[PDB]
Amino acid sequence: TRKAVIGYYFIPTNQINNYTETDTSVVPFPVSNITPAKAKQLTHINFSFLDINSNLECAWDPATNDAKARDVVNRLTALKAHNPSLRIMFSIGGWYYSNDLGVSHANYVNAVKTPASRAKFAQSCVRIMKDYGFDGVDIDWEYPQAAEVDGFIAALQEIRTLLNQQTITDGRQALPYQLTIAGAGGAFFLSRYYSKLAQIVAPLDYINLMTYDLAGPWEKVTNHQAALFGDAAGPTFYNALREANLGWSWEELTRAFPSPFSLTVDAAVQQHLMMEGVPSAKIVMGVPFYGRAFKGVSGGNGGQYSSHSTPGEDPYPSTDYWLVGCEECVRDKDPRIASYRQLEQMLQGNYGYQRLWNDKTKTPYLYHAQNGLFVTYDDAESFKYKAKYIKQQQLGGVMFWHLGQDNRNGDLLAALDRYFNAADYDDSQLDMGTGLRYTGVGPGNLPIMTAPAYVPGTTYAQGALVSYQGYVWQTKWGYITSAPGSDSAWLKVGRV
């Protein structure tokens, strides 16, 4: 099955309203930059962003020029002429609109509140999809909290029911309308709905993990924002999942959630696979097409794992654009984020940056010895390991933010496509390294095991293994006289 390659196409309202493909000073990344070759390398483009308004319906930004918007969307759907499997999804939400303190947060919370609000909301999603010509619905609420989860689930189920009906009504059996969400790629946010992951994922074609931004100026120590595996020399974190509303025992929580742990892409993927009913094929690994920059770092480890003096606030609370050589940073008044495109230019420019590689995390980073700068980003090299991991772990594919940050030749996108599909690319010998793997074990990833059948009336010592009701169980203490499942002295440790 072809791996999904989902790229976000984000365009601010002001750019839509002034849309042009001949002046990058107004629209830096027009749809025409998505050449036929690039359209063939994508399976999905997530058009973004739409929102949920006070009327609790899916809708464009009020300031949007509709004829302009439709024309932009039509240019994107026209790309399908180059790739019959291509889908132009539209995404609702994103951090700005939907974070707890975001301008539209209330609408997300209220829209999923009742059977009626959900019905109205779900209907608007499908209506918007059909009217503008999109191929699916993607919801990026960052993120529903514990009490809002059931409503969120019910809303996704409603959208799924309606989409499946629309696919039949439109004869799209060959390319069904889809439903996806951008899910948390770190344990802290994931813990909000983690306990109901199976229900959240059931109505979806894919759950696209934002397995990046795992480091940022809000953190005291600089770190890789998307390390595939862990580096013991880097910071470790409190494992928030052991505090999720799971209802599991101390032993169960502890073995599934070691704490502290390395916040990596592998951690997030494994944490999802630990839950039963969460199929690997629906998990999509997100990767960033931009780097995060920090200033005020010291030496010793190339800028890694150092204290820093980078403002964490949004908007950038200053006019000091200190990321040397970063022109886009001045355009965007923020030296803390730089697109791969810009980073590549900074490296070939003799600005003082040294590209280094951490072979445990399997990611690159820049260090500016003279000015004390550190940049954590991804490139075609780090993508080799992520792509192999996606294949080895049987994941659904890759998602990335965002298309306008790839270089002009579309090299990052082309690398991902190459790793999955080129007949002449062979990663059978690519060494995945010794970086730390997430070792938690949960109900969803129990190892296959064998054990004598449990015998009613038998007394077992501590550590005894038996098979019962399809699983292998082990005693937590001694003199066990009851059966697995009826006696809380037994820990389920294997399956089959």
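Think of the rigid core as the biggest set of C-alphas that the two forms share within 1.5 Å after superposition. Residues carry their position along the shown sequence, with the first being 1.
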Q. How do 331-339 and 313-321 compare in 6 other deposited structures of this protein: which one has C-alphas farther from this form after the rigid core is matched?
A. 313-321
Q.
Averaging CA B factors per stretch from the PDB record, which one is higher: 96-104 or 209-217?
A. 96-104
**Q.** Between the two ranges 263-271 and 310-318, the one averaging a larger CA B factor in the entry
**A.** 310-318
Q. If you compare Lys333, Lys362, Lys388, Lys282, which has the highest Cα B-factor in the entry?
A. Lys333
(Q) How does the C-alpha B factor of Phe189 compare with the rest of the chain: lowest, middle or highest third? (A) lowest
Q) Mind checking which third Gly286 falls in for C-alpha B-factor across the chain? A) lowest
Q: Relative to the other modelled residues of the same chain, rank the CA B-factor of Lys3 and answer lowest, middle or highest third.
A: lowest
Q.
Please place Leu366 in the lowest, middle or highest third of its chain according to the CA B-factor in the PDB entry.
A. middle
**Q.** Position of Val31 among the chain's modelled residues by C-alpha B-factor, lowest, middle or highest third
**A.** middle
